[PDB]
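Structure first, commentary second.
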């Protein structure tokens, strides 16, 4: 009924959504990442930072990875 004793696993934390249900949501620890500027993803899209890529990875693209640092071409 709450986020109590819920273990969402890695890269995920527990949060009550608007309907009052506990949900594990993607929430990568950005303080763990050392490169802070933008990155270019394997989908060819630039992501604002690496943390943002990791969230897209957890949420919608399991194979997404950083292909190079900086903006994509």
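The numbering of chain A matches Swiss-Prot: 93-165, in order.
Cβ atoms here come from the backbone N, Cα and C positions, even for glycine.
Marked as domain 'Follistatin-like 1' by Swiss-Prot: 94-117. Per Swiss-Prot, the feature disulfide bond maps to 95-106, 100-116, 118-150, 122-143, 132-164; the stated evidence is similarity to another entry. Under the heading N-linked glycosylation site, Swiss-Prot lists 124, citing sequence analysis as support.
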> Of 95, 106, 164, which disulfide-bonded residues come within 10 Å of residue 118 (disulfide bond), going by C-alpha to C-alpha distance?
Replying inline: 106
> Taking residue 116 (disulfide bond) as the reference, which of 106, 122, 124 (the recorded positions) have a CA within 10 A of its CA?
Replying inline: 106
> Could you count the residues of the domain 'Follistatin-like 1' (94-117) that DSSP puts in helix, in strand and in coil?
Replying inline: 0 helix, 9 strand, 15 coil
> C-alpha of residue 106 (disulfide bond) to C-alpha of residue 100 (disulfide bond): distance in Å?
Replying inline: 6
> Among 143, 164, all listed as disulfide-bonded residues, which has the most CB atoms within 10 Å of its CB?
Replying inline: 143
> If H, G and I count as helix, E and B as strand, and all else as coil, what does DSSP give for residue 164 (disulfide bond)?
Replying inline: coil
> Whole-number Å distance between the CA of residue 164 (disulfide bond) and the CA of residue 143 (disulfide bond)?
Replying inline: 16
> Going by C-alpha positions, which of the disulfide-bonded residues (95, 100, 150) is nearest residue 122 (disulfide bond)?
Replying inline: 150
>> Of the recorded positions 100, 124, 132, which one has its Cα closest to the Cα of residue 150 (disulfide bond)?
In response: 100
>> Of 95, 100, 124, 132, which is closest to residue 143 (disulfide bond) if I measure between C-alpha atoms? They're all recorded positions.
In response: 124
> Any idea what DSSP makes of residue 118 (disulfide bond), helix, strand or coil?
Replying inline: strand
> When DSSP states are folded down to helix, strand and coil, where does residue 132 (disulfide bond) land?
Replying inline: strand
